[PDB]
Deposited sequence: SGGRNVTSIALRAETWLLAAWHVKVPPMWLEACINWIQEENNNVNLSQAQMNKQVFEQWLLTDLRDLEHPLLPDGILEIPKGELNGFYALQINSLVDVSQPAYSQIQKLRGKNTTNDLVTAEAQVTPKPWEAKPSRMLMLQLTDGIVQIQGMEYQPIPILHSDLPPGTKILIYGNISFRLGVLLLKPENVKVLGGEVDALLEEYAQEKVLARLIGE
């Protein structure tokens, strides 16, 4: 009964959202959901939905379930292929701060060229994790769906062919989908700074 529920929920999580979870966490999650709803007989569809929502609010470190390939941090330059439903511990634009510093360092008939210099585009740097390893994700090309206010713990789907350099993923719009969620436990950490 319970294992059947777990197997169907696990298949659904992977099939629908590319989410991968440890069986021990999953069965405990199902038990917890039944005890919360005071209902032992929720439909599979409703159980699937609530399990996914619990996952979105879960700190991936709790799962102790590796997602990323072993050796991504050791290869100086390469490409990552696959679907990874990861977690954003935090993010910040690194472009504006660097540009700012440079500006200060910049300053410190007759015609004079005044060669247009547009504002360097936003550069979001994400501190990512699958709960086991931590890696960085750079906004290599504009990715509007991402923004500096996404809460710590936000779950994000990283997929396709992704180039990486020195432990940093060079993310492009076609490699990202925001799944949402947040980790309350983490919101307490970064909201202090």
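Positions of the deposited sequence absent from the coordinates, in order: 1-4, 113-122, 208-216.
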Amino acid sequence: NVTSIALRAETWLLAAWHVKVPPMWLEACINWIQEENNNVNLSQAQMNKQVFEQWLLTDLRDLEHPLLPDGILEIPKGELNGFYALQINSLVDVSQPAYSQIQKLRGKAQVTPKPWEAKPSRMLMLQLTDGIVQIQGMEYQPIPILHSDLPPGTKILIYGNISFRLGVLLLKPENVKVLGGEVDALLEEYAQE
From here on, numbers count along this sequence of modelled residues.
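With 134-142 and 64-72 compared on mean CA B-factor from the PDB entry, the stretch scoring higher is 64-72. In this entry, 181-189 has the higher mean Cα B-factor, the comparison being between 17-25 and 181-189. Note on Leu166, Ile158, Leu42, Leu150: the highest value goes to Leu42, judged by CA B factor as recorded. For the set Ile88, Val92, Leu105, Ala98, the PDB entry assigns the largest Cα B-factor to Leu105. Ranked within its chain, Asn31 lands in the highest third, by CA B factor from the PDB record. Among all modelled residues in this chain, the alpha-carbon of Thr129 has a temperature factor (C-alpha) in the lowest third. When the modelled residues of the chain are ordered by their C-alpha B factor, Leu80 lands in the lowest third. Ranked by C-alpha B-factor against the other modelled residues of its chain, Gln50 falls in the middle third. Ranked by C-alpha B-factor against the other modelled residues of its chain, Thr154 falls in the lowest third.
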